[PDB]
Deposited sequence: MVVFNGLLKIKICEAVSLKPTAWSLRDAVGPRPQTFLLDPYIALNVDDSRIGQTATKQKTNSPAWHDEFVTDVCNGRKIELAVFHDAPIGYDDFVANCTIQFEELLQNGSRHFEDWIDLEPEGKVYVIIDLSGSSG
């Protein structure tokens, strides 16, 4: 089990090697070119959206350095989901990663900082601090 009860502070610093999905690519060269996303990361705790970073224009290695602080009640996990900001309609899912509060609370806890692998591709650097208790 293991849940978190307290304040969660997370800084979504930057991502690298983001890969455009076939859908985001649907829109014809006509020359071998690299498609650049307009990415942002959505922060979800359990199944609730906490917020999202700003959208960066034309880059697959965005640097947001956006910080979020939220009160967590019986928190199970954090999900970071990268999206491509579409001009019209729903944004396109790009990649994601999930972090269980249980792994963050392992002896010592309170402060985590490192690169987290995104699925299918890429990685995001985050700084996570917890101020509460496990249970």
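- If you line the structure up with the deposited chain, just one stretch is without a C-alpha atom: 28.
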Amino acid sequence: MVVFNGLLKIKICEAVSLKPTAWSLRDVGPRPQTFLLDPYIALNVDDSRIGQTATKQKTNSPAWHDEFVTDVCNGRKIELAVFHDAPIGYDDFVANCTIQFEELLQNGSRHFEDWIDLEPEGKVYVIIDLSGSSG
From here on, numbers count along this sequence of modelled residues.
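- Stretches compared: 108-116, 10-18. Higher mean C-alpha B-factor in the entry: 108-116.
- Averaged over their C-alpha atoms, the temperature factors of 86-94 and 29-37 are higher for 29-37.
- As recorded in the entry, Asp71 carries the highest CA temperature factor of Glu79, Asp66, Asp71, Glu102.
- In this PDB entry, the Cα temperature factor of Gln57 sits in the middle third of its chain's modelled residues.
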